[PDB]
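Take a look at the structure tokens below, where one protein chain is shown in two forms, each on its own, as structure 1 and structure 2.
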Structure 1
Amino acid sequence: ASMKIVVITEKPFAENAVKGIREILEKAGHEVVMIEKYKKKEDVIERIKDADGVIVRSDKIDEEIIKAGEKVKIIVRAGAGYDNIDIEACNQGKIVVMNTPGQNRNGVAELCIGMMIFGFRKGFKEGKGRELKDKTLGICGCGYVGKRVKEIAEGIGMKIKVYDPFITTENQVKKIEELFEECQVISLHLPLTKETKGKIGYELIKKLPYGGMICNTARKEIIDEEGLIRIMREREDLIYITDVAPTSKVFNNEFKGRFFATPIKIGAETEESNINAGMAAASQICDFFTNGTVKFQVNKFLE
């Protein structure tokens, strides 16, 4: 029968994507309740209590919110990363958690390449820049975004090396240290896990050749900020460009001319990626309620 699906997006989807979500879900017979640009946690807690399913972006979904959603059966993250969702609380609540792999890939990959050019070209200000062609790119974390970044970089004429902790691919280095020792530009795509939290720090970054640049379109917390600050102070040649702005104000204060962060994570903030991710999320909800389909489930629990 009819289910209530709450869409929790502090950073709203494009109008056309919201249209697409509502069309898929209403036609399946469900109620859609939008919780957009909310400013307080109580907004979510109040409206989730009655929900059968949830669509979320990067919004924090913690134990308190999960426990409030007493009849939530499924949470779909429209997008890739799910570090924002307390997975263990969902396990205890017997809630299926899924994402929509690859739907955002092109918005993120195009931004990544754009930032690499911007970073190498003094943020489009005056001065002597450099070209990506004939430089070595290290793709740190290999999935849907990394493959697209590789394709674009190959057209640009970069030489490519790849690191990933779990999958096997071409041009792959065994150790992350090798990626930093051998590549002039690093593009970060690692998910945020226990293992990757604070992993990109002083000892890794110091290995970069002269004029090294790190582009981060992944997550802010994979950086060891103290460590990155320390090496950037020591190596005035290093550039850091990121779609996931650091917590520390030091970057903007001290490293003008070789640091840039977006005001908010805009990698997936395109019409095309919103449509892809939002509609995949709606389709996957509904398929779950119709057929019990659990493809792309990221957690696992008993009974």
Structure 2
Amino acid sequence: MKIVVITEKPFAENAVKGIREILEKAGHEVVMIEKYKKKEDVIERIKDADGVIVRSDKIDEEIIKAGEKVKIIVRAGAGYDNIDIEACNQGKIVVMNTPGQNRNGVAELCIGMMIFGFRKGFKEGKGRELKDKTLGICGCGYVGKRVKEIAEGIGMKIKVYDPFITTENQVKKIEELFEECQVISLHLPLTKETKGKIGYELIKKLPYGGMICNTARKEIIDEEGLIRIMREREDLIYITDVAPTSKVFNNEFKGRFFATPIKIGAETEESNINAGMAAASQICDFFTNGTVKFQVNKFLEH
């Protein structure tokens, strides 16, 4: 099997080495396409390919049709918007991503941000400590679970809410977390259910010095609601890796508000090698055993 690796933004050298090792041992061929400047470059190369690994590169219909006998394309990372899924279905091409490969990067950023917020951005003033505080974890997926492990490590007590997962001690109503926890960590997927869900009435319930850290999406916040409660509750802190739309937070709440300029939760060298190497092992597995765990598309075999 020939495996082409298409990356305008190349993986780090040790990641490439690892992808090589996983596939050459099994033992397939690996062919790199790195820093290509022209759509045709990838088209020439992909014609003989059985498999593909990509990062955020656009894999469109033409490219996919050039890939006559490509059976599988693995996105090293979370999103796959960059790949034409319908054109892949048309061609009986299994499409995967690599879920859970950024979890520690996002969780450590959450913990760092919590310490940062509790310490006034490492500026002058009276700080607080995470040890012995109760953390309310919202979403107990990949990220949520790792945050629990780190938060416990540093000596926080834990409560959890997640309406999609069943886990040992979860609280039933999210209101309960906000009542009973000093610090809230948000790791929920954005849906109609969760859209705008974190708003005035809920946030209001936090105890004095309450803190909310958001590593997920801006849209699960009710921005005007959070603004209202922060204006009346000057003790509340909000730290987020997903900047709000409203410019009010930055204008009014300095000293108890921080947003990264860009979502950096997953921007770690480790996240990138974890994803690249997961992509390799998942492709090895597909050809070895037909394993299609993490397949994000589906098609008929008529």
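Whichever C-alpha set is largest while still superposing within 1.5 Å between the two forms counts as the rigid core. Structure 1 provides the reference sequence; residues are numbered from 1 along it.
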Exercise for review: Check, for the two-part rigid motion between structures 1 and 2, if residue 164 and residue 114 are grouped in the same part.
Suggested key: yes
Point to revise | Size of the rotation between structures 1 and 2 [smaller rigid part against larger, C-alpha superposition, degrees] | key: 34
Review point. In Å, how large is the C-alpha displacement of residue 99 between structures 1 and 2 after the rigid core is aligned?
Key: 4.2
Exercise for review: Report, in Å with one decimal, the C-alpha displacement of residue 263 between structures 1 and 2 after core superposition.
Suggested key: 0.2
Practice item. Would you look up how far the C-alpha of residue 168 moves between structures 1 and 2 when the rigid core is overlaid, in angstrom? Key: 1.3
